[PDB]
Amino acid sequence: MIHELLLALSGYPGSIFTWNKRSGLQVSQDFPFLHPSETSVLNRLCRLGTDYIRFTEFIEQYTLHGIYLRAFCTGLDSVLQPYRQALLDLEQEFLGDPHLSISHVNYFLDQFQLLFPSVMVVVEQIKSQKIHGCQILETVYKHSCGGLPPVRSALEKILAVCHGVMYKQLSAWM
Amino acid sequence: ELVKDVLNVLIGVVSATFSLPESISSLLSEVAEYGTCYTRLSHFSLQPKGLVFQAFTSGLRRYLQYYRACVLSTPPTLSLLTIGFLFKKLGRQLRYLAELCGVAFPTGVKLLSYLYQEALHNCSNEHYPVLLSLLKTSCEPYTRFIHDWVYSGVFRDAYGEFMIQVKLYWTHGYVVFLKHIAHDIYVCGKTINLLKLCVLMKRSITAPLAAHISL
Amino acid sequence: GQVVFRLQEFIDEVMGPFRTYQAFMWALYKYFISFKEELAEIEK
């Protein structure tokens, strides 16, 4: 279920890792090939994946309309890249050593555990208040004063791309 | 190894599991359905009605070969998950090209202007160069028609893609691009045909043009 | 365990704009990752 886990973390659930459109990723039931008090960490690890899918389900649908919103989407694709990069790194590890345990990935994947919940609610405000127009430039900036250095440096990048639209329309007009 | 199977779907050739744990099928479908549009393009852009539609059809194959060039180049045999991630930032763009075409479809000027409004609609995103390289060659023959009334005056028509068709002598019926030059082209030609019997800034067109209209 | 379970309950009640507690846990959270690595290594 090692390789089964990584695929579930990429957006492809299975039988052992069921999917729900309401709750999200979750362990189905008890299995005899897993420790009785181990299912805990997997559910906590699955919460990292549940955020990831709702990203893609939002990205693919692009849903509200406007260039600033659409360009904010592509800006969201850049920040998720190290998550794609770091997860792929584990593949080289287990192919090398096949006896690794489930504890190591949690020790490796702690940094992304904190970045998503702060940036995920930023998407929720947009889908719940219909933030249409240039006002998206402030909702990203209002959370840009956050305390977490990584969360600050992440939304910093989206702002560096979201302004890429304003500067163009500003230039072609002024 | 299954990698030579998945990689041979973007080309169109069927495989042992591609006809025409157990969760891999869900992962397989995400790269599978990518292939279904690649084949759905060669079935649509194979011919060499309208002249401007041919060039746009001839410009599309100038792109797919690059998509065939990128594949079969980098990976001899890579990890299965690497394929899905590598062909994501590029694969989704392939599915966008299905919304553009059918897989009805305008022709003539109606198409050369429809594709233009697809630029401003999705300008700043990563779809700017690919659409531009199409529009840059989907208007190539139409400029030649425009390059007649300006230099030679021999009106050339085939099926009516031109917006203009053919005592008083002034019955060449006439009735997007800037109308500031539209009506001017209509008169910049009839003069030559009469002497014979006696950011989207369109600067690459009007600049070599207005210099010849005043003369 | 009580010392580490209570702290984990504290960090949980901040993730799920005080700018100080939120800035305080990030220091606590940073210490735990490094501490966790030593415990994880032993398991190897």
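If you read the sequences in order, they're chains K, L and J.
Residues 1 to 63, 81 to 191, numbered by the deposited numbering, are exactly what the first sequence covers, in order.
Residues 351 to 370, 390 to 417, 425 to 479, 494 to 556, 566 to 574, 586 to 608, 1474 to 1490, numbered by the deposited numbering, are exactly what the second sequence covers, in order.
Residues 321 to 336, 357 to 384, numbered by the deposited numbering, are exactly what the third sequence covers, in order.
The C-beta atom is built at its ideal place from N, Cα and C for all residues, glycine as well.
### Task
Please state if the CB of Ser-120 of chain K and the CB of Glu-378 of chain J are separated by a distance shorter than 8 Å.
No, the pair does not count as a contact, with Cβ atoms beyond the cut-off.
### Beta carbon of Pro-390 of chain L nearer than 8 Å to that of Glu-4 of chain K
Yes, Cβ-Cβ distance for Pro-390 of chain L and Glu-4 of chain K is below 8 Å.
### Query
According to the neighbour-count rule (16 or more other Cβ atoms, all chains shown, within 10 Å of its Cβ), is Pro-452 of chain L buried or exposed?
Exposed, by the Cβ-count rule.
### Query
In the stretch 445 to 476 of chain L, which residue ranges form an unbroken alpha helix (DSSP H) of at least 4 residues, counting only runs that do not cross its ends?
Whole alpha helix (DSSP H) segments, 4+ residues: 456 to 462, 467 to 476.
### Task
Give the secondary structure of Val-520 of chain L by DSSP, where H, G and I count as helix, E and B as strand, and everything else as coil.
Collapsing the DSSP output to three states places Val-520 of chain L in a helix.
### Message
Counting only Cβ pairs nearer than 7 Å, list the residues of chain K close to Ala-380 of chain J.
### Response
Going along chain K in sequence order, the residues near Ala-380 of chain J (Cβ under 7 Å) are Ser-120, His-121, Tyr-124.
### Query
Mind checking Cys-529 of chain L: buried by the 16 CB within 10 Å criterion, or exposed?
Per the 10 Å Cβ criterion, buried.
### Message
What residue range does the alpha helix (DSSP H) around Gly-599 of chain L cover?
### Response
Start and end: 589 to 605.
### Message
Considering only their Cβ atoms, is the gap separating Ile-554 of chain L from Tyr-541 of chain L smaller than 8 Å?
### Response
Against a cut-off of 8 Å, the Cβ pair of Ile-554 of chain L and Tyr-541 of chain L comes out as no contact.
### Task
Measure the Cβ-Cβ separation of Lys-600 of chain L and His-1487 of chain L and say whether it is below 8 Å.
Contact: no.
### Message
Quick check: is the beta carbon of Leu-6 of chain K nearer than 8 Å to any beta carbon in chain L?
### Response
True, the Cβ-Cβ gap to chain L drops below 8 Å.
### Task
With a cut-off of 8 Å on the beta carbons, I'd call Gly-460 of chain L and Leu-396 of chain L a contact; round off their distance for me.
Cβ-Cβ separation between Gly-460 of chain L and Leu-396 of chain L: approximately 6 Å, consistent with a contact (criterion under 8 Å).
### Nearest residue (CA-CA) to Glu-551 of chain L, options L:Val-356, L:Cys-598, L:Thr-497
Answer by Cα proximity: L:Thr-497.
#### Entry: the stretch 498 to 512 of chain L / the stretch 42 to 62 of chain K touching (three or more Cβ pairs under 8 Å)
Too few Cβ pairs lie closer than 8 Å, so no.
### Message
Less than 7 Å between C-beta atoms, sequence neighbours within five positions excluded: which residues of the same chain meet that for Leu-1475 of chain L?
### Response
Excluding residues within five positions, the ones whose Cβ falls inside 7 Å are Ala-509, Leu-510.
### Query
Ends of the alpha helix (DSSP H) at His-1487 of chain L?
Secondary structure note for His-1487 of chain L: its alpha helix (DSSP H) is the uninterrupted segment 1482 to 1488.
### Query
Just the Cα atoms here: how many angstroms apart are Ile-148 of chain K and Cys-162 of chain K?
Their backbone Cα atoms lie some 19 Å apart in a straight line.
### Query
How far does the alpha helix (DSSP H) with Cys-513 of chain L in it reach, from first residue to last?
Note, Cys-513 of chain L: premise wrong, no alpha helix (DSSP H); not H, not E.
### Query
Near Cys-151 of chain K, which residues of its chain fall below 8 Å by C-beta distance, leaving aside the five closest residues on each side in sequence?
Same-chain partners within the cutoff: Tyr-85, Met-183.
### Query
Shortest alpha-carbon distance to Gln-142 of chain K belongs to which of K:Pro-167, K:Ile-153, K:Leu-132?
When each option's Cα is compared against that of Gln-142 of chain K, the closest is K:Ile-153.
### Task
Check the DSSP bridge columns for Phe-17 of chain K and list the partner residues they point to.
Note: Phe-17 of chain K sits in a beta bridge opposite K:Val-27.
### Task
Just the C-alpha distance for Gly-362 of chain L and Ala-103 of chain K, rounded to the nearest angstrom, thanks.
In a straight line, the C-alpha of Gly-362 of chain L is about 32 Å away from that of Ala-103 of chain K.
### Message
Using C-beta distances below 7 Å, list every residue in its chain close to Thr-405 of chain L, excluding the 5 sequence neighbours before and after it, in chain order.
### Response
When the five nearest sequence neighbours on each side are left out, no beta carbon in the same chain lies closer than 7 Å to the beta carbon of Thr-405 of chain L.
### Query
What residues in its chain sit with their C-beta under 6 Å from that of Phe-129 of chain K, if we drop five residues either side in the sequence?
Taken in chain order, the residues that qualify are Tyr-100.
#### Entry: Option nearest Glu-402 of chain L by Cα separation, candidates L:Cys-446, L:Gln-441, L:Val-428, L:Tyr-472
Of all alpha-carbon atoms in L:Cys-446, L:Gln-441, L:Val-428, L:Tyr-472, the one lying nearest the alpha-carbon of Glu-402 of chain L is that of L:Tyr-472.
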